[PDB]
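Novice: Experimental structure and its sequence below.
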Amino acid sequence: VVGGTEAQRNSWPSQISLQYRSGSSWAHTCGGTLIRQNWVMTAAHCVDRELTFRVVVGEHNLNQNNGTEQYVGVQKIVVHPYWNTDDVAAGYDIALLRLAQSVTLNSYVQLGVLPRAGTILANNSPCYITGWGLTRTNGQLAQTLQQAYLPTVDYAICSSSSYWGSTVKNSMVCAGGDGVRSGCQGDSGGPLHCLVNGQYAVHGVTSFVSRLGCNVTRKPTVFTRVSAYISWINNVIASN
Amino acid sequence: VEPX
Ligand SMILES: [Ca+2]
């Protein structure tokens, strides 16, 4: 997250850190949202690599013991059948991870609230992106969870020539684009929390940013629109 | 496009 602020320890309990085994240790690669005690929602591009993944819930500082973490292996990965690694702009950048064990819920580990199917946010709706992603374009991961206020940019505007053009689809949510705040590498797969009817719900799964940089004016961060996949999500969980 |  570029241009973010450090999140409070218990502000985003559904946020998870998806890590892969690197040598004798683990490395954070993406974010995700805990949606069931044994299911995590993340981006499909996060799991394209044939790596060994683990999920960490109740995480705050990637480099120090917080006394609230729970580590669990990923038992099964279900990527959306229409996902094409060579075409992120086509959409379907979503995957569900079934955890080897069901995590324990508490103040630091909670299920993310998903929006009602088909829900579309009005332009400039209040949302926060959270993650441990790069704090600057071509920079380094944050040590502590970051959050950045990123108001949505509706489809009409986001798909205009000045913005993303045909690159963005209606199956996506755009947010930010002010040139200062944005998601960045390492935030992928994480949540876009938007306040609706007094309750924050996860409306987006961080998908992509501009090849020119993370915080680029008129190139808002693009997320997979969760409300477009409610049936798919329910179908996967019910069948696994 | 840049998957992040
Ligand atoms: Ca920690």
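Specialist: All right, it came through fine. Numbering: from 1, shown residues only, chains lettered A, B, ... in the order given.
Novice: List the contacts of stretch A:107-119.
Specialist: A:9-10, A:13-14, A:33-37, A:41, A:57-58, A:60, A:68, A:70, A:103, A:105, A:191, A:194, A:196, A:199-203, A:226-228, A:230-231, A:233 (Cβ atoms under 8 Å, 6 or more residues apart in numbering or on different chains). Any C-beta I mention is one placed from the backbone N, CA and C, and that applies to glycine too.
Novice: Go through these and flag which are in strands.
Specialist: A:33-36, A:41, A:57, A:70, A:191, A:194, A:196, A:199-203 (DSSP state E).
Novice: Please indicate which of those residues are buried?
Specialist: A:33-36, A:41, A:57, A:70, A:191, A:194, A:196, A:200-203 (16 or more other Cβ atoms under 10 Å in any protein chain shown).
Novice: of all those residues, which comes closest to residue A:170?
Specialist: residue A:203 (13.6 Å; Cβ to Cβ).
Novice: these two touch, right, that closest one and residue A:173?
Specialist: Yes - counting by Cβ atoms under 8 Å, residue A:173 is a contact partner of residue A:203 at 5.7 Å.
Novice: Find residues that contact each of those two.
Specialist: By Cβ under 8 Å, 6+ apart, the residues touching both residue A:203 and residue A:173 are A:121, A:192, A:223, A:225.
Novice: could you redo those residues as CSV and give each row neighbour count?
Specialist: Output for the shared contacts of residue A:203 and residue A:173, formatted as CSV (neighbours: other Cβ atoms under 10 Å in any protein chain shown):
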residue, neighbour count
A:121, 24
A:192, 31
A:223, 30
A:225, 26
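Novice: Number of residues surrounding residue A:170?
Specialist: 12 (other Cβ atoms under 10 Å in any protein chain shown).
Novice: same question but for residue A:183, I mixed them up
Specialist: 35.
Novice: how close does it sit to residue B:2?
Specialist: In this view, residue A:183 and residue B:2 are 11 Å apart by Cβ to Cβ, to the nearest Å.
Novice: residues bridging contact with those two, i.e. touching both?
Specialist: Joint contacts of residue A:183 and residue B:2 (Cβ under 8 Å, 6+ apart) are residue A:209.
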